[PDB]
């Protein structure tokens, strides 16, 4: 009978875990303020659509980190036999319970933010509807199956099967990034900036599945505090710095992506 209150207090007392969360709550917030003033000059509906979806990324993030820091989107799950973290304890204060600290809150919200990054890139590269639809739907599938992976406590194999299904959807997104939109950006006349964000996106995302396999959800070698900082670190680049570069361009070349 673990309460939200114990999880909140649990996030505290553990400076490694606590800092990684609250730090982003503020970084996301400040990021929004900056982006709003940076795009005040835009007047082109198509140029402003690109900015709105870019700005929504940090918006989903503060909510995501707040949900986590609060204990709303965190849970104690008893891993299945054969699992490395199986047999673990946590102790939410004075009473220690069986299981591990599951921060499914991240996986859930990714289904919201990532489609937004993609919407941004896709529009920058003058993508057509079919390609946007394809990237976004498989991207969402990737996130939701990952969340199902983390919540599966009945069998060790099922958990990894989920992981596999998520990787397969990932390749579809990677494929449109590297191959499809890369070509479309040329006709749109944004291959320059597109190449930049594209290179950024792929590298950064590629790291999320890795941290997962290492952290308690997977092999369980990395501590929850480090895995959290890893993601927290990845989000900082995969989202905020990514948002700045894109917006910085949009304001300088509103005529390019106009129409």
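Residue numbers count along the first chain shown, from 1. Rigid core here is just the name for the largest C-alpha set that superposes within 1.5 Å across the two forms.
- For 91-99 versus 149-157, the mean Cα distance to the shown form in 8 other deposited structures of this protein after rigid core alignment is larger for 91-99.
- Rigid core fits of the other structures in 8 other deposited structures of this protein place the C-alpha atoms of one stretch farther away on average; of 44-52 and 223-231, that stretch is 223-231.
- In this entry, 215-223 has the higher mean Cα B-factor, the comparison being between 44-52 and 215-223.
- Stretches 64-72 and 191-199 differ in mean C-alpha B factor, with the higher average recorded for 191-199.
- Across 97, 112, 151, 165, the entry's maximum B-factor at the CA atom is seen for 97.
- In the PDB entry, a CA B factor belonging to the middle third of its chain's modelled residues is recorded for residue 78.
- Residue 204: CA B factor lies in the highest third for its chain, per the PDB record.
- Per the deposited record, the Cα B-factor of residue 183 falls in the middle third when ranked against the other modelled residues of its chain.
- In this PDB entry, the Cα temperature factor of residue 91 sits in the top third of its chain's modelled residues, the highest group.
- The entry lists a Cα temperature factor for residue 85 that places it in the highest third of the chain's modelled residues.
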